[PDB]
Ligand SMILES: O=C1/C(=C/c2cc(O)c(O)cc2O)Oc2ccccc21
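Have a look below at one chain only, the form solved without the named molecule, in structure tokens format.
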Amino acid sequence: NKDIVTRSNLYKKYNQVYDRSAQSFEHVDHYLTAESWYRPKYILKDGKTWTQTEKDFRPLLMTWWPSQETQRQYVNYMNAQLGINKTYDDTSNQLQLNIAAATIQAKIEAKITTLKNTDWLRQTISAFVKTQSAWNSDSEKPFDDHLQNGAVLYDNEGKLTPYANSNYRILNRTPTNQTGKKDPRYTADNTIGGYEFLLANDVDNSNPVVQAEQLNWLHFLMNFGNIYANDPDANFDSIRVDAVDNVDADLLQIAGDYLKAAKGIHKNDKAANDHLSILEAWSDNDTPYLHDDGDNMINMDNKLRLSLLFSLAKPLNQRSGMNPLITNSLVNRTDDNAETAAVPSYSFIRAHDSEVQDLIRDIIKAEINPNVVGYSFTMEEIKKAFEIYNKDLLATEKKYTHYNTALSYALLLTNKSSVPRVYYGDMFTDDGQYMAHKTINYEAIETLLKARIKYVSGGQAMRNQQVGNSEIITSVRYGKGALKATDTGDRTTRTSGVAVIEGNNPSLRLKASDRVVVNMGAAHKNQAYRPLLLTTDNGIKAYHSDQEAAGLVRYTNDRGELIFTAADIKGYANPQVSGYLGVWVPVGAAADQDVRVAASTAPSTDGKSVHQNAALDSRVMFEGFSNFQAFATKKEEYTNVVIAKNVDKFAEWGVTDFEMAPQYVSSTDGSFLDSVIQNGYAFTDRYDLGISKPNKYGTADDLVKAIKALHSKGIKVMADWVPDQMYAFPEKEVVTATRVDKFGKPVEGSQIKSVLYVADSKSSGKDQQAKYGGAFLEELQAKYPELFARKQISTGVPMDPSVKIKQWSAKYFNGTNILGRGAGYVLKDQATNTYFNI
């Protein structure tokens, strides 16, 4: 318990602790750590004269050691640090070691007076502690496939840490596994459809008090303008649910219920489309889960992503056939004639995380360091990887980066029955200042986005034709008002629609007798067509008007068929195309032609909130950041400042939904990619949206101006809801902990098995969390009582708003990534085998 901490020290009555008080020890929850300092009764001032101790704290390992072997190692170490040329071996006795320590002590106090400070000794003792297997990674091994090498799970009933107890920490309650059993309804994924421990400090989203706080935070983000700036035009309109497969899926009912109660998205498409919210949910069970739950949010179409990636973007010898582009999707686009698609979705080829950091890892693991752990890169590894990356982008033969980006975007931006999401890093450089440098594909993508507003409407037909040595796909939109190939349309149908012709093989050669006959639809008999995009020897030629293409007009026949031959279609191999891209639009669309349609106020009657109809198809999502954006050097280069200045560009592209980066002030621990490039996903304060300090994207005021500028053009703005984990807490806590895998299963024969461990898991209690934490739970329970009545699926009980989280503490977390502090960091009395409690 509390004894006296010392025949280990022969200056025992000088070096013994000032008093029996707690104020004379650097403790964590009244326990002592190998790095704990204390106030002795006397200091050996300048290693000369025993002086009698104000702010004169000294290391405990100066005068106390857990084992005699540790004293030896401490003597050997500090001898080498202070220039004492003498080591002591295995057979040395206790008197020799005590005199060695009572010499080290003297020279320590000499250097404290010479150097006039103590930092050097903090670093020297820390360094010594990290050499001992019981106080470093050695006792935390073996490592597992956790992104940060391993995790520890906080025990629900800890006799020595009752303040860290919980009746919850219910793990792996993914949408698939929400009830603690695999859902029998969803068979596309044989697994439990995710895992609890992803990164850093894992928030216990099974805790009813934490569930209430996540809703509190959700309300805050959807009212950020009203709350921060008393400005109702600066609110986030929508959310992205980050890391769905790594959190308790009760948050999906909580967020869906909130959108229904607060925004009325279930009433009609106008409400739903004004607050269009998305998941990042990787399991193939999550889409059908979300559909049954009421389409309160939309998921990615992961099948179409993989179809694009493997048909178009992969290297030439790893490339699949093209037919997946038609059939391997939530929607079979062979003949899509539906007023409303069965399931709503968003579609993409890349995102901030998907096919960016994966490519940087491939480059690092290849040409620099093969022992890289997950995505835990150093900034130097990143900077040099990007020299290889940026050169590969402009190569015809790419070894690392995507082929056929423009072919992918031609399908994404003409496909029916999905909301396309354009990735920032496909129009601008993944690195560098925001919107500073255009990619070689910027023009093609910009042309398609403007064309989409003007031409892309009506039913869809995709065909896969075997011709010459290879294959092509055609994708057609029949024009506004023409759902079917037989619809003869009105005037606007005639001057809308589009044909996309694509091949994914550079050797594609048509025989002289080969015809590609593309049915444009019954509205397009005997009609002039002109190119929008054509593949050339060196890249892609874009056509910004009918007149720019005046020389390349061709005609449909009396059956409404465009016909192409060897003269028109062949394989190419340049930095932009590896195969063929041709895009054709009808001649004579007015300069201001817009075939998009607004969401109706008519009541929804199918029990779903979001409907993949012409109104949702008219939307475009923009992922408005890159992980590897440069840090701003001046205020004009801040992302949110550039966004406000360039908002006219987004409206011109038909961006309806601007997905902003997470706006939380980033932690700087560098324990993951996210906390090295400071994207916003690694944070300590959920409510610090550039308030205490700028985020990577600017000040809180810069954010407010960015949201208002986007709102000024009718553009909705999405907040990144990130309830899975938090990084780099400033206050230590002692927890009873067990070494686990990412699923929370206890490991082999770990020395960390219901033992004390020192976590960084307490917030300051003086941050934005302390101000806004649970601040809106009374307002929410008053307006929307049904939210707090619902018995959540994973727990069987409602959210508990009776407690407010002003300070994060281990009792609200499942556990943490291993911190390299070891299984024995909390000091015991050698004799009693008892943890020191003060």
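Start at 1 with the first residue shown and count on from there. Shifts are known only where both forms have a C-alpha. In this text, rigid core is short for the largest set of C-alphas that superpose within 1.5 Å between two forms.
Omitted here: the form solved in complex with the named molecule. The next part is about that form.
Student: So which of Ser345, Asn302, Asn216, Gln768 gets a non-hydrogen atom within 4.5 Å of the named molecule in the deposited bound form?
Tutor: Of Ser345, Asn302, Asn216, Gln768, the residue with a heavy atom within 4.5 Å of the named molecule in the deposited bound form is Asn302.
Student: Name the residue from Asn246, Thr656, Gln460, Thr495 that puts a heavy atom within 4.5 Å of the named molecule in the deposited bound form.
Tutor: Exactly one residue meets the criterion: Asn246.
Student: In the deposited bound form, do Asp362, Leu393 and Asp430 all reach within 4.5 Å of the named molecule through at least one heavy atom apiece?
Tutor: No, because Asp362, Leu393 and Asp430 lack any heavy atom that approaches the named molecule to within 4.5 Å in the deposited bound form.
Student: Spot the stretch among 524-532, 275-283, 131-139, 114-122 with residues whose non-hydrogen atoms come within 4.5 Å of the named molecule in the deposited bound form.
Tutor: Single hit among the candidates: 275-283.
Student: Would you check, heavy atoms only and a 4.5 Å threshold, whether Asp353 touches the named molecule in the deposited bound form?
Tutor: The answer is yes: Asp353 has a heavy atom within 4.5 Å of the named molecule.
Student: Heavy atom to heavy atom, is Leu198 within 4.5 Å of the named molecule in the deposited bound form?
Tutor: Residue-level check for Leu198: yes, a contact with the named molecule.
Student: Mind listing the moving segments between this form and the one not shown, meaning three or more residues in a row, each Cα shifted 2 angstroms or more, core aligned?
Tutor: 7-10 is the only stretch that shifts between this form and the one not shown.
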